[PDB]
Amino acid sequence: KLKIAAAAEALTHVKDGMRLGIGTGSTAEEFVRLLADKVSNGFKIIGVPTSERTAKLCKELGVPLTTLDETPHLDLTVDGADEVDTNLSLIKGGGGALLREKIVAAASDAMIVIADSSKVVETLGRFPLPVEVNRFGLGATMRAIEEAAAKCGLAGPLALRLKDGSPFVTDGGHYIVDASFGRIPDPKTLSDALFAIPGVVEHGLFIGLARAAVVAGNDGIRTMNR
């Protein structure tokens, strides 16, 4: 649809010979398809996958693959997001790949986001914030998340994420708690508060990582910048 043109605009930021971090979800898959077309004309690139599902896609379509162990620093990560605010702070992890996405993006010189107009918000937080937790001590970690929220002036339900009947286990062996805070006006402070909890592994706030964002508007395609 327009989803395609948004990915295609992001692929213009990709240079010959780049070391690339590749996102997960509906939008990054399309970026994979279009970049596969380009290699298939002698465009050279090497990619780190942020999930098994992206990894499979790259191999079926001929996008060369590497690892952060073999390729510890990347030029660019391209990935989707659940919410983008005007500081280009994001909420990510609706797809359950939040940690590998943070690690890959944090290992990169720059991160480009691809989203539609509906994901761009005045204030982050209507999308529930995914928080990745250890299964040991979940009860005390839930308490601490509510107290961490209270101290930052927020509140809302914390819902242990399920798949089928059971808790969702991430690629890395953790549970996810989706925190519905409604409005997160100071992401950095909340991120600090959540990190001070030992049970917290990581969370879906991507702060200061996206240098630019391609948005599929109702009018057409637009890029936001830093």
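Sequential numbering from 1, following the sequence displayed.
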Between 214 to 222 and 16 to 24, the record assigns the higher mean Cα B factor to 214 to 222
Between 88 to 96 and 135 to 143, which has the larger average Cα B-factor in the PDB entry?
135 to 143
Taking the values straight from the PDB record, which of 199, 165, 182, 49 has the highest C-alpha temperature factor?
165
By the entry's C-alpha temperature factors, tell me which of 53, 33, 188, 174 sits highest.
33
Would you mind ranking residue 209 by its C-alpha B-factor against the rest of the chain and naming the third, lowest, middle or highest?
middle
Divide the modelled residues of the chain into thirds by Cα B-factor and specify which third, lowest, middle or highest, holds residue 110.
highest
Among the chain's modelled residues, which third holds the C-alpha B-factor of residue 67?
middle
According to the PDB entry, is the CA B factor of residue 39 in the bottom, middle or top third of its chain, that is, lowest, middle or highest?
highest
Quick tally, chain-level thirds of C-alpha B-factors: residue 45 sits in the highest
